[PDB]
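What the coordinates show
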Amino acid sequence: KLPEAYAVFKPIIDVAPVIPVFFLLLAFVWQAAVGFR
Amino acid sequence: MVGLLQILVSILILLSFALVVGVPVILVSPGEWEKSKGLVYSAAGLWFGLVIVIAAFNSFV
Amino acid sequence: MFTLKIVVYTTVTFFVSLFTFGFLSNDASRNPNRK
Amino acid sequence: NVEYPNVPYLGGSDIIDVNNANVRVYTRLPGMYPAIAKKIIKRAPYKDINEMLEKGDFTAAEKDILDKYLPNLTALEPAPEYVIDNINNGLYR
Amino acid sequence: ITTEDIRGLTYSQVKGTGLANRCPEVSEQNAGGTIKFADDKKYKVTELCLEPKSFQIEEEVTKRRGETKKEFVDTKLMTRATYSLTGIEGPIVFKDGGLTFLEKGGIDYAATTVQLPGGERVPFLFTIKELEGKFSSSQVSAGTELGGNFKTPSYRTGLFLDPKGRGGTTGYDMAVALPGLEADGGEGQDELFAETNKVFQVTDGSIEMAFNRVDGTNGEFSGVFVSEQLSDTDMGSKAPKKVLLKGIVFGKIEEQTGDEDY
Amino acid sequence: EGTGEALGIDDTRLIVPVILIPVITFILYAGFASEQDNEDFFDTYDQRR
Amino acid sequence: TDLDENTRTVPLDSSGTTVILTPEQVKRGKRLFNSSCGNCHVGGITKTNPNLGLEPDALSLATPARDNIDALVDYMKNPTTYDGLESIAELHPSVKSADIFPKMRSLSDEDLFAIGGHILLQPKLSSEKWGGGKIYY
Amino acid sequence: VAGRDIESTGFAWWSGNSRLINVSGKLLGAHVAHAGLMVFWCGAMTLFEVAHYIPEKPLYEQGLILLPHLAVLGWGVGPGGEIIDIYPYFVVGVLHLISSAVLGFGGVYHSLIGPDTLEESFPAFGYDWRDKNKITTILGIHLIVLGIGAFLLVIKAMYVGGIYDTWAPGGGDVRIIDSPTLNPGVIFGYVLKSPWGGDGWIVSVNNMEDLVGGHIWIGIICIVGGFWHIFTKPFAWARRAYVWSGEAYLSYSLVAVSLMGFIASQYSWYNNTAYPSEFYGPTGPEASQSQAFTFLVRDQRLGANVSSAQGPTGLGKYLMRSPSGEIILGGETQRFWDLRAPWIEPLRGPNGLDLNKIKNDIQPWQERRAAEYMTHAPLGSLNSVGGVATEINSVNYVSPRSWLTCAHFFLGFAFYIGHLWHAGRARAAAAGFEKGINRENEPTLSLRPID
Amino acid sequence: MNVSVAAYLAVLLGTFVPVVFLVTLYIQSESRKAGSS
Amino acid sequence: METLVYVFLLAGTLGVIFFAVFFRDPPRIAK
Amino acid sequence: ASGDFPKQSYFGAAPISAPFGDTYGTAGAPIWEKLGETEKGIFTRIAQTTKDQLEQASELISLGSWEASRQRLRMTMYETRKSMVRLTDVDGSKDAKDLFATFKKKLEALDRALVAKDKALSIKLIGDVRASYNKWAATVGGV
Amino acid sequence: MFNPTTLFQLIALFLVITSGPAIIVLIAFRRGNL
Ligand code: CLA
Ligand code: CLA
Ligand code: CLA
Ligand code: CLA
Ligand code: CLA
Ligand SMILES: CC1=CCCC(C)(C)[C@H]1/C=C/C(C)=C/C=C/C(C)=C/C=C/C=C(C)/C=C/C=C(C)/C=C/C1=C(C)CCCC1(C)C
Ligand SMILES: CC1=CCCC(C)(C)[C@H]1/C=C/C(C)=C/C=C/C(C)=C/C=C/C=C(C)/C=C/C=C(C)/C=C/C1=C(C)CCCC1(C)C
Ligand SMILES: CC1=CCCC(C)(C)[C@H]1/C=C/C(C)=C/C=C/C(C)=C/C=C/C=C(C)/C=C/C=C(C)/C=C\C1=C(C)CCCC1(C)C
């Protein structure tokens with residue numbers, strides 16, 4: 001478990017490892033924003 | 001105390017949201033890279049200062 | 001058994017060396033677009 | 001062996017053939033499985049249950065348990081095909 | 001290889017070299033001893049290792065269906081390096097007019113296979129299980145010989161199932177793949193009874209170890225042996241063939257500790 | 001097998017082919033190589049043979 | 001049918017008294033069983049020693065009889081052989097041997113109660129699945 | 001839009017990164033941002049493992065894959081591989097997560113607002129893919145960096161705390177590797193060993209002295225090679241034997257990294273020294289040999305003479321001989337007779353498992369370890385149902401070894417495919433027919449017909 | 001092996017008859033092509 | 001004896017493959 | 001039956017089929033405490049047996065057995081480090097911890113000697129290891 | 001009741017999910033170099 005002083009931030013750390021997947025997805029939205037140049 | 005460190009980490013969290021969502025916008029939007037870099041670099045400095053302050057106050061517990 | 005071993009080693013080394021020094025002999029140039 | 005008339009006493013009936021029965025059958029009789037069955041199977045070939053009680057080197061409590069479960073025990077002719085598999089017959093669960 | 005040399009080698013050196021299957025021997029430097037059996041002292045054998053170096057099979061001299069003449073033949077091993085028996089141990093007792101060694105443990109069997117000239121494969125269980133050996137004296141020394149008979153169990157046990165799911169202790173009791181043959185009310189599958197009726201039959205063999213080196217310091221002895229037994233019967237389907245093994249033997253004699261539990 | 005010899009070389013004889021056959025192939029390749037224009041170039045590959 | 005109290009009533013002591021497990025108790029017992037001993041005792045069997053399973057027949061014929069909550073709970077702290085003559089606490093997970101078995105360290109008396117309740121509740125759920133093995137999967 | 005559309009580049013959006021080949025600064029930003037992604041995942045995932053770590057279960061039973069690495073490096077673990085403290089794991093996680101912010105800022109900078117090409121404003125950093133000397137200097141700098149990393153592991157193992165030796169006397173423990181093996185015949189003896197059964201190539205490291213000494217060798221090798229490449233240019237034999245374009249370099253890196261992926265997968269599957277079984281759980285061979293050991297102990301305890309017990313087929317039910325004669329555990333564990341683990345070597349003599357130790361001196365802790373490793377075999381389903389495929393849903397478990405091995409075998413094969421694609425394209429583009437066959441000068445029509 | 005005996009005829013003739021049919025269809029056609037010239 | 005038939009059929013298939021590879025109708029461009 | 005609504009919980013931990021919540025530490029304080037009677041007995045037994053194990057290691061070294069001598073230090077001694085840690089923490093003494101570390105380093109050096117097959121260094125180091133272990137034994141007390 | 005743990009996880013996840021797209025919407029509105 002996290003150190004006591006940090007356990008309150010568990011719900012953020014629970015979503016923390018998964019952001020790289022979103023980065024890939026963000027790329028597509030960016031290319032969707034410029035209409036797939 | 002634990003509460004003060006929690007407040008410091010939450011402030012770093014909100015500042016990191018601000019940096020993540022604002023630095024790309026300031027970078028890409030026209031006439032904003034050097035027009036308003038004074039906020040960007042000061043925010044980065046405050047971010048790192050918060051990191052060191054959180055480090056020390058965490059060392060106390 | 002050892003005779004078969006050295007014969008197989010001879011054969012394997014022969015073909016591997018041919019492969020090695022053949023692809024090292026400017027294989028990239030052997031295309032129809034050269035010059 | 002398409003015929004083996006002493007099958008009922010291999011662990012499926014109320015009587016246990018001591019000479020060529022697996023250790024697992026002694027789980028059916030309380031208080032005999034880990035300790036008493038080891039000494040039962042050690043000196044496995046017995047002429048009869050009386051020779052088992054005399055020869056098995058049982059302690060007094062072990063003899064009391066065996067006195068409780070005497071009618072559930074017999075000793076028929078040893079079968080080599082079954083004696084070899086008396087501690088582990090590949091029947092687990 | 002001497003026991004003093006095996007201790008010197010680590011497992012990494014010995015692994016994969018074939019030295020694990022090789023039976024040790026008593027050194028010529030440490031020889032000329034006498035393992036005397038003092039009274040009021042129970043003795044026992046340990047580490048009785050038997051490496052067979054030559055395998056011979058009593059094969060019929062011709063493929064005639066009524067051939068009765070048979071001569072032993074040289075064989076080559078399909079299995080590799082599993083032949084030697086190690087760790088055999090047993091009590092030494094005054095059962096009869098002389099001392100006798102009773103086999104009661106160790107690896108004491110090897111399910112080896114050999115191939116004869118012509119390409120026929122004979123599997124057999126090289127074993128000394130349940131041996132009753134009799135020493136040729138009251139003291140083990142060079143020239144002393146230990147010999148006796150042993151009971152070789154079946155190559156396959158009851159739990160073994162043939163390719164059609166038939167065994168001794170388990171399996172089908174019929175040729176399930178021929179229901180029309182079992183449909184007949186007169187004979188049914190009675191012709192295939194010999195192959196369907198799996199029988200665990202324990203055979204007989206004899207061994208004659210002759211000790212050529214003995215040491216009194218360690219209790220160790222070494223020499224040669226010749227053993228005779230029968231081959232695999234496939235639960236009674238096959239007819240056993242006589243197997244004549246010869247090779248080297250190592251062993252040691254110590255005092256019974258009371259914890260052996262023989 | 002499982003002994004750990006380098007390249008399976010348990011006998012020293014095995015090395016003679018393993019080292020010499022590449023050397024004869026290397027000698028034959030050197031006659032090709034020495035005939036080439038071995039100066040540098042600024043290209044993705046050399047078009048000179 | 002619901003998880004009625006007839007299913008949730010299990011024997012408590014050796015005399016014959018019963019106890020009605022609560023849904024929280026059986027839920028916690030199932031979770032604790034799957035987490036602390038499922039690796040060997042999945043399905044009411046014993047992977048390491050299949051001669052002795054958790055089916056009610058084996059527990060009833062144990063010495064002492066382990067077909068009740070108090071006997072099971074005592075086994076979880078003072079495990080013994082099937083005849084109750086040798087202590088196997090060094091080879092079995094027990095609360096008194098939790099340093100060498102780090103899964104039993106956090107269990108309390110109520111946790112042991114719930115685990116025993118799960119064990120005694122299972123055979124009522126299936127006629128042969130609990131301790132039956134592959135044949136009834 | 002210039003340089004970022006199909007019209008001005010010829011690359012579609014789905015080949016979008018192919019527009020970065022000749023844009024050096026923007027490509028630098030791509031690399032730095034992706035490195036930020038890597039360190040971000042490291043920090044976030046190890047923080048996630050710390051948050052989800054319960055002190056009851058071992059690491060391998062909780063689905064933890066990263067904390068085992070730190071435990072092996074010697075942080076927060078005591079004797080017996082017992083994780084006593086998890087604060088250094090938190091420190092490593094926060095350090096990686098914070099460094100990810102810096103690397104992400106750098107990557108986004110160079111990608112968006114930094115100079116497009118570095119070859120006019122920063123000639124020191126700018127390069128051309130066809131300029132062999134500059135590319136070799138960059139390669140040599142990175143080689144020096146890799147050597148520094150190897151020496152960092154060496155410093156950790158030798159001076160700063162030391163690493164976890166599972167083979168340590170007594171139980172496994174964190175200890176200082178004071179005398180690494182620097183003999184070339186051992187370190188490069190591993191490199192030339194065969195990969196097949198019993199040999200294992202470099203997966204067969206059975207001690208930390210060889211590991212640390214060969215990491216010293218790798219550090220020396222990499223630094224020497226980096227200084228070699230900084231001060232040298234490719235020789236004529238090399239200059240004609242390679243395609244000198246960015247895609248070719250990418251394909252070379254792809255094949256190398258694919259080979260590394262395969263090797264790492266088998267490291268996690270088979271090795272139990274750099275991947276101790278008390279952090280990553282049992283290997284498959286370890287679990288099988290443990291099953292055989294557990295039932296050997298059980299049946300011996302119940303009166304059987306395990307050495308003389310005959311199995312169904314005539315072979316040993318518990319103990320038999322390996323094909324080379326060593327006394328080994330029987331049954332289907334016979335294939336896994338090459339296992340060597342710190343819990344089973346104690347009973348191992350020169351000629352295999354010593355029968356005297358196997359009969360009289362099997363300790364209770366060995367039985368406990370064998371039972372644990374039996375019940376925690378690598379078998380499991382994709383939805384994490386531990387046990388054989390025909391098991392029921394009660395045990396939630398897949399070994400970390402299975403996850404790591406399968407993932408890295410997958411990625412190794414995928415990166416071999418990527419190598420094949422990129423090497424073929426590099427050759428075709430260098431020769432100049434990666435867009436199609438020229439209808440004017442078709443090579444086949446000039447060729448004489450066969451047959 | 002207690003195998004069938006007409007299976008030999010079945011296999012051999014079911015291979016032979018179509019094979020000779022194909023060979024005849026090829027030879028006829030070629031002959032005709034040669035005769036045309 | 002069935003091994004004779006099996007071997008003959010496999011060899012015949014291999015022979016057909018050989019003749020198809022090496023005695024094919026040569027491709028040529030029409031005019 | 002004919003109009004009975006299915007049960008429905010919206011990410012609730014109350015239901016029997018909900019996966020939320022911890023499995024351990026929910027129903028009371030643990031029964032187990034560190035250094036209990038049986039576990040302290042086990043560690044005491046291991047520490048006492050380690051003397052004999054060391055003596056057997058010295059004998060194996062004297063006879064030159066290298067595999068067996070190495071395995072003697074990991075056979076019945078694989079729990080030595082944990083047992084020594086647990087009993088040293090009971091002692092709570094600096095000198096006990098120093099002798100603990102000294103024994104560990106001496107044992108590692110002895111292993112490094114045994115792989116080298118150095119008979120003289122092996123004998124010297126097993127002697128030193130035994131002396132250090134007996135010193136720690138007299139220090140922590142009870143063994 | 002809705003689990004507070006699951007609830008807070010969902011707030012965190014959804015704020016994260018609007019983080020990235022909000023950037024792109026901003027630079028779309030501010031007419032930056034997409
Ligand atoms: C690891 C992932 C990765 C990385 C690092 C990059 C990087 C890059 N891509 Mg991209 N790309 C990717 C995946 C990736 N790509 C994928 C999966 C696809 C397929 C859809 C593409 C498709 C693609 C195309 C089609 C093109 C690129 C291009 C580029 C380059 C220029 C970007 C630009 O100016 O856009 C401008 C983008 C924006 C203004 C949108 C805003 C993006 C923001 C900055 C993201 C926010 C990140 C983060 C939250 C900020 C943290 C800040 C920090 C201080 C904390 C850049 C180096 C371009 C190129 O080659 O140019 C020469 C180009 O044309 N990429
Ligand atoms: C792959 C990595 C990489 C590379 C090759 C480059 C290359 C470049 N960057 Mg940089 N950059 C990077 C990462 C990288 N950057 C990152 C991560 C960031 C985010 C912090 C930046 C942020 C950045 C900015 C904001 C700018 C550049 C610019 C430049 C250019 C000038 C560099 C210079 O003047 O150095 C000078 C070097 C220094 C000042 C560093 C001095 C060393 C300090 C004291 C640190 C010491 C560390 C120590 C040795 C580490 C110990 C290791 C131990 C733990 C083992 C050049 C093209 C400039 C540019 O392109 O302008 C148009 C520019 O303005 N970069
Ligand atoms: C990232 C690592 C790296 C890379 C990309 C390169 C790249 C290059 N080096 Mg090398 N080099 C490196 C590290 C690296 N080097 C290091 C650390 C050293 C040690 C000091 C050297 C020493 C060196 C020299 C001395 C020379 C090169 C040269 C070259 C060029 C030719 C490479 C070639 O054809 O190899 C060919 C490779 C072989 C023929 C086989 C390698 C032999 C080993 C021992 C094989 C052993 C078997 C192996 C274990 C089998 C399984 C492996 C498995 C992973 C598949 C090229 C620019 C040449 C050049 O032009 O330099 C200016 C040259 O002469 N390099
Ligand atoms: C989704 C992407 C992904 C993810 C999440 C992972 C995740 C992982 N990979 Mg990776 N991997 C990937 C893709 C991915 N991989 C791909 C595509 C490949 C190519 C096929 C690989 C190939 C690969 C290999 C070859 C290996 C891994 C391994 C690993 C694991 C350890 C990571 C690590 O430390 O690397 C190494 C980290 C670095 C190189 C960064 C620098 C490290 C520095 C130098 C360390 C300094 C240490 C020192 C002691 C610190 C203190 C200093 C001082 C105080 C003394 C981890 C589970 C390892 C594993 O466990 O495999 C079974 C492993 O060996 N991966
Ligand atoms: C070191 C890693 C690396 C690097 C730096 C590059 C770099 C590049 N690749 Mg890629 N590539 C890699 C690995 C790498 N590749 C691997 C491992 C493969 C094999 C699978 C490929 C296969 C590949 C192909 C087929 C092509 C490229 C292309 C390119 C260029 C543009 C890619 C782009 O913009 O994608 C933008 C990103 C996306 C559109 C996102 C796509 C995400 C996919 C759909 C998810 C994965 C699907 C599935 C699970 C994959 C199964 C793979 C199988 C083998 C197991 C660029 C130079 C293209 C090019 O123009 O080359 C010059 C091109 O045609 N690559
Ligand atoms: C201090 C503390 C205490 C307790 C634990 C806690 C976690 C709260 C911890 C706090 C940690 C904090 C606040 C860490 C901060 C880290 C941050 C802000 C990390 C950010 C990293 C940035 C990264 C990767 C950026 C990479 C961006 C990339 C590739 C973008 C890609 C793209 C580019 C470049 C162009 C085209 C579009 C596309 C494809 C999307
Ligand atoms: C700074 C900080 C503080 C707390 C700790 C923490 C580590 C979290 C850290 C966070 C840092 C960072 C950098 C967080 C940023 C988060 C980001 C950028 C999230 C991005 C989310 C992206 C999303 C939804 C994208 C969804 C897009 C979709 C489906 C597009 C749909 C599609 C399109 C457009 C076309 C093809 C078909 C398909 C795929 C359906
Ligand atoms: C670090 C560590 C950890 C555990 C203990 C251990 C002792 C293993 C220790 C030491 C490890 C060591 C020293 C590892 C070193 C590995 C080495 C040197 C691996 C060698 C890899 C070399 C490879 C692929 C070479 C392939 C090169 C090729 C095709 C070159 C190209 C070409 C050639 C040659 C001819 C044909 C045409 C082409 C394709 C252009």
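A chain's residues are numbered here from 1, following its sequence as written, a convention that may not match the entry; residues for which no coordinates exist are omitted. Chain A is the first chain written and ligand 1 is the first ligand written, with later ones labelled in order. The displayed chains are a subset of a larger assembly; all values refer to this subset. Hydrogens and water molecules were not included; the side-chain quantities draw on all heavy atoms of the structure.

Per the deposited record, the coordinates in this entry were obtained by cryo-EM to a resolution of 2.53 Å.

Points about the overall build of chain I
When helices and strands are counted, chain I shows one helix and zero strands. Within the span of chain I, comprising 37 residues, buried residues form 0% of the whole. Every accessible area reported is derived by Shrake-Rupley at a probe size of 1.4 Å, with residue values counting cover from the shown protein chains alone. Summing over all exposed atoms, chain I offers an accessible surface of approximately 3300 Å²; the carbon and sulfur share of this is 73%. In DSSP terms, a helix is any run of H or I states spanning at least four residues, a strand is any run of E spanning at least two, and both are numbered starting from the N terminus. Exposure is judged per residue with a 1.4 Å probe applied to protein chains only, and the accessible area is read against the type maximum: over 50% gives exposed, under 20% gives buried, and values in between give partly exposed.

Brief notes about the site of ligand 2
Residues and elements named next belong to chain H. Around ligand 2 sit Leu28, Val32, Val102, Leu103, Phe105, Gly106, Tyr109, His110, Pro115, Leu118, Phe122 and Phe125, and those are all the residues in its vicinity. Taken together, the elements giving at least two residues each to the shell around ligand 2 come down to α2 (24-52) and α4 (87-112). Ranked by the residues each element gives to the shell around ligand 2, the list is headed by α4, at six residues. The classification used treats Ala, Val, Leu, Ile, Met, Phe, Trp, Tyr, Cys and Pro as nonpolar, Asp, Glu, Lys and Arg as charged, and all other residues, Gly among them, as polar. The class makeup of the residues in the shell around ligand 2 is 10 nonpolar, two polar and no charged. We call a residue near a given molecule or strand whenever any one of its heavy atoms falls within 4 Å of it.

Description of the interface of chain D and chain E
Between chain D and chain E, the residue contacts involve 10 residues of the former and 15 residues of the latter. Once two parts are put together, the accessible area they lose, assessed with a 1.4 Å probe and summed over both, is termed the buried area. Contact with chain E buries surface across chain D, with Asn1, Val2 and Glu81 of chain D losing the most and accounting together for 50% of the total. Salt bridges are defined as contacts in which a side-chain nitrogen from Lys or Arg sits within 4 Å of a carboxyl oxygen from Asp or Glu. On the surface where chain D and chain E come into contact, there are one salt bridge. Polar contacts, as used here, are pairs of N or O atoms within 3.5 Å; protein pairs need one atom able to donate a hydrogen and one able to accept it. Residues neighboring in sequence count only if both atoms are side-chain atoms. Here chain D and chain E share three residue pairs in polar contact between them. Class assignment for the residues of the side of chain D that touches chain E results in four nonpolar, three polar and three charged. Whether two residues touch is decided by their heavy atoms; if any such pair falls within 4.5 Å, the residues are in contact.

Let's talk about the nonpolar core
Formed by 64 residues in total, the largest nonpolar core has its most connected members in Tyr6 of chain A together with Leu59, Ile83, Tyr89, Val212 and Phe279 of chain H. In terms of residue count, the dominant contributor to this core is helix α1 (residues 2-28) of chain B (12 residues). What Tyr89 of chain H contacts, discounting residues up to four positions off in sequence, is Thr46, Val50, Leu67, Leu70, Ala71, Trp75, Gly76 and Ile83 of chain H. Take the buried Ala, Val, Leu, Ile, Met, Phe, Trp, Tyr and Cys residues and link them wherever side-chain atoms come within 4.5 Å; each set so joined is a nonpolar core. Listed in part, the 37 residues of the second largest apolar core include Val73, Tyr83, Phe126 and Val214 of chain E.

Observations concerning the pattern of salt bridges
Evaluated as defined, the whole model comprises 66 salt bridges over all chains. A salt bridge links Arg13 of chain F to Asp11 of chain F, with the nearest nitrogen and oxygen atoms 2.8 Å apart. Two residues, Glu209 of chain H and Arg175 of chain H, come together in a salt bridge whose shortest N-O distance is 2.6 Å. Within this pair, whereas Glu209 of chain H is found in helix α7 (residues 208-230), its partner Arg175 of chain H is found in strand β2 (residues 173-175), the two being separated by 34 residues in sequence. It is possible to trace a salt-bridge network through shared partners that takes in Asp99 of chain G, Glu82 of chain H together with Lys82 and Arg86 of chain K.

Description of the interface of chain E and chain H
Across the boundary between the two partners, chain E contributes 36 residues, which contact 31 residues of chain H. For the pair chain E and chain H, the summed buried area comes to about 2600 Å², and 51% of that belongs to carbon and sulfur atoms. Considering only the surface of chain E that becomes buried against chain H, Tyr11, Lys15 and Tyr109 of chain E emerge as the three largest contributors, covering 27% of it. Here chain E and chain H share two salt bridges between them. One can count 17 residue pairs in polar contact joining chain E with chain H.

With respect to the arrangement of the chains
Here 21 pairs of chains make contact, and the pair sharing the most contacts is chains E and H. For chain A and chain J, which are not in contact, the least C-alpha distance works out to 43 Å.

Describing the environment of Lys95 of chain E
All names here are of chain E. Counting through the fold element by element, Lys95 comes out in the loop between β5 (85-93) and β6 (100-102). Assessed through its relative accessible area of 48%, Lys95 is described here as partly exposed. Residues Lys95 and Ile6 lie 89 residues apart in sequence; the distance between their C-alpha atoms is 35 Å. Residues in contact with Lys95, not counting those within four places in the same chain, are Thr100 and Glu132. At 3.0 Å, the side chain of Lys95 and the side chain of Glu132 are in polar contact.

Quick word on the site of ligand 5
Residue and element names in this part refer to chain H. The environment of ligand 5 is formed by 16 residues, the closest being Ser15, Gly16, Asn17, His422 and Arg425. Within the side chain of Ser15, one N or O atom sits 3.1 Å away from an oxygen atom of ligand 5. The separation between a nitrogen atom of ligand 5 and a polar side-chain atom of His422 is 3.1 Å. For the shell around ligand 5, the secondary structure elements donating two or more residues are α9 (246-270) and α14 (400-431). If you tally residues by element for the shell around ligand 5, the top one is α14, at seven residues.

Quick notes on the UniProt feature "transmembrane region" (unreviewed entry) in chain J
UniProt positions are given in the numbering used here, feature names are shortened, and annotations may be inferred rather than shown by experiment. Per the UniProt record, "transmembrane region" (unreviewed entry) is found at residues 6-23 of chain J. In the segment residues 6-23 of chain J, helix accounts for 94% and strand for 0%; the C-alpha atoms at its two ends are 25 Å apart.

A look at helix α13 (residues 364-375) of chain H
It helps to recall that an α-helix has 3.6 residues per turn; residues three or four apart then point in one direction. The span you would expect from a helix comes to 1.5 Å times its residue count less one. Here α13 of chain H spans 17 Å end to end across 12 residues, near enough to the 16 Å set by a 1.5 Å rise per residue. Counting buried residues along α13 of chain H, 11 of its 12 residues qualify, which places the element largely inside the surrounding structure. Check the buried side of α13 of chain H and you find it contacts α3 (38-41) of chain G, α10 (277-280) and α11 (284-301) of chain H together with α1 (37-63) of chain K.

Here we look at empty space enclosed by the protein
Both site types are read off a 1 Å grid over the protein atoms alone. A 1.4 Å probe that fits but cannot get out defines a cavity, while an open set with protein on both sides within 12 Å along at least five of seven lines defines a pocket; lining residues have an atom within 4 Å of a point. Grid points are joined across faces, edges and corners, and a volume is the space filled by probe spheres set on the points. Per the stated rule, a full pass over the model turns up three cavities of 30 Å³ or more. Within this model, the largest cavity holds a volume of roughly 70 Å³. Together, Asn26 of chain C, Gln36, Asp37, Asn38, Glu39, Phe41, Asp46 and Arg48 of chain F together with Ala236, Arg239 and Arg240 of chain H line the largest cavity. When the residues that make up the lining of the largest cavity are grouped by side-chain class, the tally is two nonpolar, three polar and six charged.

Points about the packing of aromatic side chains
For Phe, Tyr and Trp, rings pair up if their centres lie within 6.5 Å, where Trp contributes its six-membered ring, and each pair is then called stacked (planes under 30 degrees apart), edge-to-face (over 60) or tilted (otherwise). This structure, assessed with the given rule, holds 46 aromatic pairs over all chains. Ring geometry for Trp47 of chain B against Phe48 of chain B: centres 5.2 Å apart, planes inclined by 85 degrees, an arrangement best described as edge-to-face. You can call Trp47 of chain B buried: its relative accessible area is 10%. Note on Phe293 of chain H and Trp343 of chain H: the rings are 5.5 Å apart at their centroids and 80 degrees apart in plane angle, and the pair reads as edge-to-face. Of the two residues, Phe293 of chain H is situated in helix α11 and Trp343 of chain H in the loop between β4 (327-329) and β5 (348-349); the sequence distance between them amounts to 50 residues. The exposure classification of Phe293 of chain H matches that of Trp343 of chain H, with both residues buried. Through successive ring pairs, a cluster of aromatic residues spans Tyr127, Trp129, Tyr242, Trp244, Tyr249 and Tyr252 of chain H. Either the NZ atom of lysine or the CZ atom of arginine qualifies as a charge over a ring when it sits within 6 Å of the ring centre and within 35 degrees of the ring normal. A cation over an aromatic ring shows up here: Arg156 of chain E above the ring of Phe160 of chain E, its NZ or CZ 4.4 Å from the ring centre. Above the face of the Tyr11 of chain E ring, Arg348 of chain H is positioned so that its terminal group lies 5.5 Å from the ring centre.

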